[PDB]
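Taking it in order: structure first as structure tokens, then the write-up.
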2 protein chains.
Amino acid sequence: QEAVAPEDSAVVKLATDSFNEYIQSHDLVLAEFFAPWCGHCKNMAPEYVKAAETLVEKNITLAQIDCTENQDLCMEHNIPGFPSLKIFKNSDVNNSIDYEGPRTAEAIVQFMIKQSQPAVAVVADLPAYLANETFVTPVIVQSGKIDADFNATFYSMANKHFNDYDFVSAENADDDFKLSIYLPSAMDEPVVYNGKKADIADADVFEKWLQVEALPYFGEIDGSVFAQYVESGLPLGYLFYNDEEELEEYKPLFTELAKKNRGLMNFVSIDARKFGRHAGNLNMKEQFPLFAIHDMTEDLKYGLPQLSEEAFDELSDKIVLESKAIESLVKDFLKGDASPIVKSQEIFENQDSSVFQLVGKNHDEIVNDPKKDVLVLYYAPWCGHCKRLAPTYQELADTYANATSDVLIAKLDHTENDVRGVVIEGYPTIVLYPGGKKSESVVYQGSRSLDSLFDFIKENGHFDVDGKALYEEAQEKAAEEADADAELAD
Amino acid sequence: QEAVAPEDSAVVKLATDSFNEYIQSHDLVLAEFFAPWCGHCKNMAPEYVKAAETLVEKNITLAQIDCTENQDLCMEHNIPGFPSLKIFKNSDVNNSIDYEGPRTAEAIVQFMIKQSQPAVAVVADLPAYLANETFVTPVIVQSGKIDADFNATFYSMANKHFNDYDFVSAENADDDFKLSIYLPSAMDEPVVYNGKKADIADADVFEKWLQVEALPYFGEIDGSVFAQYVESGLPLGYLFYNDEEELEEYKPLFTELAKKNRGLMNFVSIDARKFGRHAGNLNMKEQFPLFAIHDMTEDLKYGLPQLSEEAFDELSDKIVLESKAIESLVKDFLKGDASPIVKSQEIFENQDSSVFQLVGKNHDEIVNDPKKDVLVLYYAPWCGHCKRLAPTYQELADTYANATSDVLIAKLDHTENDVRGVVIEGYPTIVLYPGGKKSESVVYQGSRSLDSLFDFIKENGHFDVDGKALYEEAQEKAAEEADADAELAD
């Protein structure tokens, strides 16, 4: 029988076909990269088997990898010598602790309780657990009587999700089903979970629901939490605080909102002392306390109509957001009604160069008209790549200025300027806009060369406007104009 | 040439060998699961190529999967029909949006800028970016001149890490190297990064360093952040607050600590209003403001020696932790000096049953002595599995009581009782302890049956004590004792 763990043995010889798909799925794999002629790799094989049939009840993994035939997999894994007992934990293909401890069953049986991962916490009285075990972590919990599509979804998710929650799987069987989520703020009030189950027994379904409900109705907005506030899709309404009397005068109201509109939009507070400077980033003046919504999906900010500047300095009395106003904003937004507020800077009373500095207000207009074939540099004043560009962009624009004006070549600063139309997250985004005879979603993708745009602006151009030919014709005309020949010779 | 993207083409025909290892490594894969005889899958192949050689500059993935020969991979992926243009984003093997948009190069070239992932943010003036772009997210940034082991580590990590930071890769080339981390609290002070580089150009190396330095020296302790506060290994020192005068009287001091001891131990605050109930969980009375350390690695809590109870109620004046005391604790701990504090309840003046209820104070003692072979149930009063046990445990203990006392059978409540010795995270942990003639790390693993322990306690027992034989002998003796026969017959 040599060194095989045969078909009858309680082990699955993982092959090269998919070591990694098997590893990273399983919560805690125990490998054995081995060779057959290695006496030791035979001369402890009954022990691997004896720590096999017995060790499946804490579903332990036995994994013989015949590095003879499964050779190319020994490459993607830095094997020292045979037998190799590098055993993987959370189960990525990095953590490979080459365990040099005993090669017995009754020995290493114990080492499978080296990192016991008790994710699920079965209880008799939750009251106790909940109160004996205080924690900053919200906890998922189920009681009642557990379905099949559940023990290995609830235990499953948890198993690979302590980076997130506490996972009690309690079951006072004399009880109908249940799936609460005890949030660290108000534990009195857990989660009314509506029971469509067989579909909410997988990810991203089971998942998205935690991603929704595991967020404290009205918590603070850490850098940390702000991740999963955006892993949401729900527009969050930011409120700014100066004092905590200011926080806690408001803190009930927003909880009560977030409760009703739970699934539609989110809510957070935000110390204004450390983040007044965000205010504008939500198109909003630094007057506090400041409530504002942000449609994260399409980049649209809605503020509670902030008070005027020519009464800002003149205002010793403080600032107060009447609840009545707070709601009416929220409802509006969701009705598809509230006013979003672009940052049109003041419109440039015609100044220097052939590159038109554009604004939100005009942009909507100028980009359209069929006269002319306007190109647009959507930009911000800081990035490296968007400034090593305006030099070309000028000697680009200048070439078209002189020649039959027509094709406008313009730039628009996305700092202090929202645009309703098309955009990439990052700058310098470049776009050409023919007009109302044909569409304007004609995004520039390529190099920076004067050359490459001159292509584009004719190639993908309504008028078919050979700017290069100009840049030929032009440089010739400026080669002669100066030199007078007759000055002197030789 | 039929429908092959040949060796000369700008595409890599991913095979079944490892689709997934290729997918989940790459930030944004664009698949084409195809068959050769599918006219359309030939009749748009030059377009895949024409959107190949040109589209590698935003390293786009072209992936032909010949579902003829790579068939078993079509199973692990729910293919509709040929050609299939299910293109994967963040790149797990779930998100498979079967894109039915155009089958041209100059068309779908654009759709590779559908989810542009500008992770890196190149800038000319960081000052602007930093200030124009306010955010709750700390930002990693490098200037100077970037090494090879860096663009595709910095860009790399980021690429799959917006769930964490903002990643500016700026480079005012006229400058020596640099890797700061601008933390959202004090941006004035970024990160003095010490320059051993070629090693800090990988994970978990580059990683662990963010995992260290990206945490605000002295932030609050959200449920969220508490994850990565434990993904650390650094003991964090918790301080509790009642007021913010109480917070901000202390808030400078702890920052200054966390700065010096940056790598050794961490620091956080914690509203006592919502979490007084944790206090005990750090072996600590609910007197506030309360500073305490927690050695997360070995479960050891160190408090600033909280004031007495018989002067608790008598104390109208408030509570104050003198800085001088705060430091001296920290130093001590790190010297390997400070006192950790077990929760020994009061020692049970001999009461009811054959199961000895143990305490921290005694436990150290009783577990040891060679007389006798003590078994120990390490437990908590709530879990399901640890109470469906004491019934056996009694009719276990009783069997040994009557018979030559010797082997003690005991239980120890881990709620209101720390144990210095061996433990599993979860209960009911069971252990037998012979003594000073042989070691005591003899952990019970198995069923609950009276049977299984009776094995254990002899099998792995110093005295070799057949309890089963008793449980034979015993039940016989209680079969006779009662029935008097002569009462009546028939």
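Following the order of the structure tokens, first chain is A, next is B, and so on, with residues numbered from 1 inside each chain and ligands from 1 in the order they appear.
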### Query
Contacts of residue 275 (chain B) at 10 Å or less, counting only C-alpha atoms, minus same-chain residues fewer than 5 places along, as a PyMOL selection string?
(chain A and resi 134-136+184-185) or (chain B and resi 240-241+270+286)
### Task
Pull out every residue of chain B sitting within 6 Å of chain A, counting only C-alpha atoms, and send them as number ranges by chain.
B: 122-125, 134, 136-137, 163, 223-225, 227, 277-278, 382-384
Same residues, N, CA and C atoms, saved as a PDB file, in the first residue's frame:
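result-v3.pdb, freshly written:
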ATOM      1  N   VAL B 122      -1.347  61.508  -8.092  1.00  0.00           N
ATOM      2  CA  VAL B 122      -0.164  62.315  -8.390  1.00  0.00           C
ATOM      3  C   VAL B 122      -0.508  63.790  -8.208  1.00  0.00           C
ATOM      4  N   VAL B 123       0.370  64.554  -7.563  1.00  0.00           N
ATOM      5  CA  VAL B 123       0.133  65.992  -7.404  1.00  0.00           C
ATOM      6  C   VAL B 123       1.394  66.804  -7.654  1.00  0.00           C
ATOM      7  N   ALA B 124       1.206  68.103  -7.889  1.00  0.00           N
ATOM      8  CA  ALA B 124       2.305  69.065  -8.019  1.00  0.00           C
ATOM      9  C   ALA B 124       2.484  69.804  -6.695  1.00  0.00           C
ATOM     10  N   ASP B 125       1.382  70.351  -6.182  1.00  0.00           N
ATOM     11  CA  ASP B 125       1.347  70.904  -4.839  1.00  0.00           C
ATOM     12  C   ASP B 125       0.398  70.057  -4.000  1.00  0.00           C
ATOM     13  N   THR B 134     -10.534  67.748   1.777  1.00  0.00           N
ATOM     14  CA  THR B 134     -10.741  67.389   3.193  1.00  0.00           C
ATOM     15  C   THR B 134     -11.432  66.030   3.211  1.00  0.00           C
ATOM     16  N   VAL B 136     -12.102  62.346   6.097  1.00  0.00           N
ATOM     17  CA  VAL B 136     -11.932  61.708   7.385  1.00  0.00           C
ATOM     18  C   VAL B 136     -10.865  60.615   7.264  1.00  0.00           C
ATOM     19  N   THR B 137     -10.430  60.357   6.028  1.00  0.00           N
ATOM     20  CA  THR B 137      -9.488  59.295   5.704  1.00  0.00           C
ATOM     21  C   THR B 137      -8.040  59.763   5.795  1.00  0.00           C
ATOM     22  N   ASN B 163     -10.815  50.806   0.809  1.00  0.00           N
ATOM     23  CA  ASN B 163     -11.528  50.431   2.057  1.00  0.00           C
ATOM     24  C   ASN B 163     -10.758  50.851   3.334  1.00  0.00           C
ATOM     25  N   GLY B 223     -16.742  50.603  17.468  1.00  0.00           N
ATOM     26  CA  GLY B 223     -16.849  49.172  17.212  1.00  0.00           C
ATOM     27  C   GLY B 223     -16.011  48.857  15.994  1.00  0.00           C
ATOM     28  N   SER B 224     -16.197  49.682  14.970  1.00  0.00           N
ATOM     29  CA  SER B 224     -15.452  49.603  13.719  1.00  0.00           C
ATOM     30  C   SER B 224     -13.937  49.579  13.937  1.00  0.00           C
ATOM     31  N   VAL B 225     -13.387  50.673  14.456  1.00  0.00           N
ATOM     32  CA  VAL B 225     -11.933  50.805  14.573  1.00  0.00           C
ATOM     33  C   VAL B 225     -11.340  49.691  15.419  1.00  0.00           C
ATOM     34  N   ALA B 227     -11.717  46.625  15.519  1.00  0.00           N
ATOM     35  CA  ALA B 227     -11.127  45.608  14.663  1.00  0.00           C
ATOM     36  C   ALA B 227      -9.607  45.809  14.565  1.00  0.00           C
ATOM     37  N   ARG B 277     -20.139  49.216  31.623  1.00  0.00           N
ATOM     38  CA  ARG B 277     -20.265  47.760  31.725  1.00  0.00           C
ATOM     39  C   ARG B 277     -19.057  46.977  31.165  1.00  0.00           C
ATOM     40  N   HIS B 278     -18.236  47.604  30.326  1.00  0.00           N
ATOM     41  CA  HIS B 278     -16.964  46.988  29.919  1.00  0.00           C
ATOM     42  C   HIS B 278     -16.019  46.975  31.145  1.00  0.00           C
ATOM     43  N   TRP B 382     -23.389  30.676  30.951  1.00  0.00           N
ATOM     44  CA  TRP B 382     -24.411  30.966  29.933  1.00  0.00           C
ATOM     45  C   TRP B 382     -24.464  29.988  28.750  1.00  0.00           C
ATOM     46  N   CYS B 383     -23.328  29.459  28.296  1.00  0.00           N
ATOM     47  CA  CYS B 383     -23.334  28.713  27.030  1.00  0.00           C
ATOM     48  C   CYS B 383     -24.200  27.458  27.140  1.00  0.00           C
ATOM     49  N   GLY B 384     -24.753  27.028  26.013  1.00  0.00           N
ATOM     50  CA  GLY B 384     -25.621  25.865  25.997  1.00  0.00           C
ATOM     51  C   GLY B 384     -24.856  24.612  26.364  1.00  0.00           C
TER      52      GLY B 384
END
### Task
Just the helix (DSSP H, G or I) stuff from region 121-156 of chain A, please, per backbone DSSP, written as number ranges by chain.
A: 126-132, 148-156
Output of the above residues as an mmCIF file, in the first residue's frame, restricted to C-alpha atoms:
data_model
loop_
_atom_site.group_PDB
_atom_site.id
_atom_site.type_symbol
_atom_site.label_atom_id
_atom_site.label_comp_id
_atom_site.auth_asym_id
_atom_site.auth_seq_id
_atom_site.Cartn_x
_atom_site.Cartn_y
_atom_site.Cartn_z
ATOM 1 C CA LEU A 126 -28.354 35.699 26.136
ATOM 2 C CA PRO A 127 -29.176 38.215 28.863
ATOM 3 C CA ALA A 128 -26.035 37.040 30.688
ATOM 4 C CA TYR A 129 -23.743 36.912 27.634
ATOM 5 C CA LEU A 130 -24.930 40.340 26.456
ATOM 6 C CA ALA A 131 -24.220 41.812 29.912
ATOM 7 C CA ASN A 132 -21.307 39.682 31.116
ATOM 8 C CA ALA A 148 -30.207 24.214 7.057
ATOM 9 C CA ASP A 149 -29.487 27.318 4.953
ATOM 10 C CA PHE A 150 -28.263 28.980 8.151
ATOM 11 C CA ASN A 151 -25.850 27.145 10.477
ATOM 12 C CA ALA A 152 -23.256 27.090 7.669
ATOM 13 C CA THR A 153 -24.103 30.657 6.583
ATOM 14 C CA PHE A 154 -24.320 32.290 10.033
ATOM 15 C CA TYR A 155 -21.382 30.212 11.338
ATOM 16 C CA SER A 156 -19.902 30.481 7.831
#
### Message
Give me the residues near residue 145 (chain B) as JSON, numbers by chain, where near means some atom within 9 Å (using only C-alpha atoms) and where sequence neighbours in that chain fewer than 5 positions away do not count.
### Response
{"B": [171, 172, 173, 174, 175, 176, 177, 178]}
### Task
Write out as a ChimeraX atom specification which residues come within 10 Å of residue 79 (chain B) when counting only C-alpha atoms, dropping same-chain ones fewer than 3 positions away.
/B:33-34,67,73-76,82-86,96,98
### Message
Applying 10 Å and only C-alpha atoms, which residues near residue 235 (chain B) remain after dropping the ones on its own chain fewer than 4 positions away? List them as a list in words.
### Response
residues 229, 230, 263, 264, 265, 266, 267, 293, 294, 295, 296, 297, 298, 299, 300, 301 and 334 of chain B
May I have the selected residues written with C-alpha atoms, as a PDB file, in the first residue's frame?
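Result written to part.pdb:
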ATOM      1  CA  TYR B 229      -6.901  48.038  17.160  1.00  0.00           C
ATOM      2  CA  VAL B 230      -6.685  44.289  17.708  1.00  0.00           C
ATOM      3  CA  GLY B 263       5.227  50.249  18.388  1.00  0.00           C
ATOM      4  CA  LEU B 264       5.062  48.980  21.989  1.00  0.00           C
ATOM      5  CA  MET B 265       1.468  49.740  23.044  1.00  0.00           C
ATOM      6  CA  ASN B 266      -1.605  51.707  21.879  1.00  0.00           C
ATOM      7  CA  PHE B 267      -4.029  54.259  23.316  1.00  0.00           C
ATOM      8  CA  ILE B 293      -4.152  48.640  29.998  1.00  0.00           C
ATOM      9  CA  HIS B 294      -5.044  45.357  28.315  1.00  0.00           C
ATOM     10  CA  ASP B 295      -2.397  42.866  27.215  1.00  0.00           C
ATOM     11  CA  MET B 296      -4.479  41.500  24.383  1.00  0.00           C
ATOM     12  CA  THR B 297      -1.929  38.744  23.701  1.00  0.00           C
ATOM     13  CA  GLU B 298      -2.179  36.890  27.040  1.00  0.00           C
ATOM     14  CA  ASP B 299      -5.329  38.431  28.590  1.00  0.00           C
ATOM     15  CA  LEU B 300      -3.890  40.590  31.352  1.00  0.00           C
ATOM     16  CA  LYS B 301      -5.426  43.837  32.596  1.00  0.00           C
ATOM     17  CA  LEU B 334       6.567  47.675  29.686  1.00  0.00           C
TER      18      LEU B 334
END
### Message
Residues of region 3-230 of chain B classed as strand (DSSP E or B) by DSSP on the backbone are to be reported as a PyMOL selection string.
### Response
chain B and resi 29-34+61-66+84+86-88+97-98+120+139-142+166-169+180-182+219-220
Next, dump the selected residues to file, keeping only C-alpha atoms, as an mmCIF file, in the first residue's frame.
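Once everything was written out, this is part08.cif:
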data_model
loop_
_atom_site.group_PDB
_atom_site.id
_atom_site.type_symbol
_atom_site.label_atom_id
_atom_site.label_comp_id
_atom_site.auth_asym_id
_atom_site.auth_seq_id
_atom_site.Cartn_x
_atom_site.Cartn_y
_atom_site.Cartn_z
ATOM 1 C CA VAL B 29 -10.413 41.910 -15.242
ATOM 2 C CA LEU B 30 -12.256 41.954 -18.567
ATOM 3 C CA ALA B 31 -13.200 38.405 -19.540
ATOM 4 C CA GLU B 32 -14.377 36.796 -22.751
ATOM 5 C CA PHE B 33 -15.652 33.257 -22.260
ATOM 6 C CA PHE B 34 -15.952 32.034 -25.820
ATOM 7 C CA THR B 61 -6.960 42.458 -19.128
ATOM 8 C CA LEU B 62 -7.973 40.535 -22.235
ATOM 9 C CA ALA B 63 -8.987 37.036 -21.330
ATOM 10 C CA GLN B 64 -10.126 34.529 -23.911
ATOM 11 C CA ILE B 65 -11.479 31.378 -22.271
ATOM 12 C CA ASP B 66 -11.913 28.607 -24.838
ATOM 13 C CA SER B 84 -19.712 35.855 -22.797
ATOM 14 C CA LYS B 86 -18.855 38.935 -18.016
ATOM 15 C CA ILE B 87 -16.194 41.339 -16.715
ATOM 16 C CA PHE B 88 -14.950 41.235 -13.125
ATOM 17 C CA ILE B 97 -21.974 41.396 -14.979
ATOM 18 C CA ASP B 98 -22.675 39.765 -18.374
ATOM 19 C CA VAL B 120 -2.810 56.859 -6.752
ATOM 20 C CA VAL B 139 -3.651 59.455 3.401
ATOM 21 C CA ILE B 140 -0.449 57.680 2.522
ATOM 22 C CA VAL B 141 1.927 59.845 0.508
ATOM 23 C CA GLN B 142 5.392 59.695 -1.044
ATOM 24 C CA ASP B 166 -6.285 57.951 0.448
ATOM 25 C CA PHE B 167 -3.069 57.259 -1.527
ATOM 26 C CA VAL B 168 -1.205 60.226 -2.919
ATOM 27 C CA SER B 169 1.868 59.318 -4.982
ATOM 28 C CA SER B 180 4.705 60.232 5.098
ATOM 29 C CA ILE B 181 1.201 59.372 6.287
ATOM 30 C CA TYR B 182 -0.936 62.467 6.860
ATOM 31 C CA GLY B 219 -8.648 58.342 18.705
ATOM 32 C CA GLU B 220 -11.971 57.143 20.081
#
Set the distance at 6 Å and use only C-alpha atoms: which residues neighbour region 361-375 of chain B once local chain neighbours fewer than 3 positions away are removed? I'd like the list as a PDB file with N, CA and C atoms, in the first residue's frame.
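Result written to out-v9.pdb:
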ATOM      1  N   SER B 344     -10.517  36.501  41.277  1.00  0.00           N
ATOM      2  CA  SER B 344     -10.871  35.480  42.258  1.00  0.00           C
ATOM      3  C   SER B 344     -12.111  35.942  43.029  1.00  0.00           C
ATOM      4  N   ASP B 406      -9.495  10.415  46.237  1.00  0.00           N
ATOM      5  CA  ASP B 406      -8.456  10.760  45.233  1.00  0.00           C
ATOM      6  C   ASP B 406      -8.900  11.760  44.141  1.00  0.00           C
ATOM      7  N   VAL B 407      -9.012  11.306  42.888  1.00  0.00           N
ATOM      8  CA  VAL B 407      -9.279  12.185  41.731  1.00  0.00           C
ATOM      9  C   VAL B 407     -10.386  13.230  41.939  1.00  0.00           C
ATOM     10  N   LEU B 408      -9.980  14.490  42.098  1.00  0.00           N
ATOM     11  CA  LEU B 408     -10.927  15.583  42.278  1.00  0.00           C
ATOM     12  C   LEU B 408     -11.537  15.946  40.949  1.00  0.00           C
ATOM     13  N   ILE B 409     -12.834  16.200  40.978  1.00  0.00           N
ATOM     14  CA  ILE B 409     -13.566  16.604  39.803  1.00  0.00           C
ATOM     15  C   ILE B 409     -14.248  17.923  40.110  1.00  0.00           C
ATOM     16  N   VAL B 431     -10.029  20.109  31.303  1.00  0.00           N
ATOM     17  CA  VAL B 431      -8.628  19.762  31.477  1.00  0.00           C
ATOM     18  C   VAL B 431      -8.400  18.877  32.698  1.00  0.00           C
ATOM     19  N   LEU B 432      -7.500  17.908  32.545  1.00  0.00           N
ATOM     20  CA  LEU B 432      -7.047  17.066  33.643  1.00  0.00           C
ATOM     21  C   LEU B 432      -5.634  17.499  34.011  1.00  0.00           C
ATOM     22  N   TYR B 433      -5.345  17.531  35.311  1.00  0.00           N
ATOM     23  CA  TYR B 433      -4.053  17.995  35.821  1.00  0.00           C
ATOM     24  C   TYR B 433      -3.441  16.998  36.804  1.00  0.00           C
ATOM     25  N   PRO B 434      -2.558  16.106  36.323  1.00  0.00           N
ATOM     26  CA  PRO B 434      -1.840  15.216  37.249  1.00  0.00           C
ATOM     27  C   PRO B 434      -1.030  15.959  38.345  1.00  0.00           C
ATOM     28  N   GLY B 435       0.086  16.619  37.994  1.00  0.00           N
ATOM     29  CA  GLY B 435       0.849  17.432  38.967  1.00  0.00           C
ATOM     30  C   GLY B 435       2.344  17.685  38.752  1.00  0.00           C
TER      31      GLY B 435
END
### Task
One decimal, Å: what's the distance from CA of residue 345 (chain A) over to CA of residue 360 (chain A), could you say?
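According to the coordinates, CA of residue 345 (chain A) and CA of residue 360 (chain A) are separated by 7.4 Å.
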### Task
Would you list the contacts of residue 455 (chain B) as a ChimeraX atom specification, taking every protein, DNA or RNA residue within 12 Å and counting only C-alpha atoms, but skipping same-chain residues closer than 4 positions in sequence?
/B:396,444-451,459-461,464-469
### Query
Counting only C-alpha atoms, which of B:247, B:4, B:290, B:210 gets nearest to residue 232 (chain B)?
B:210
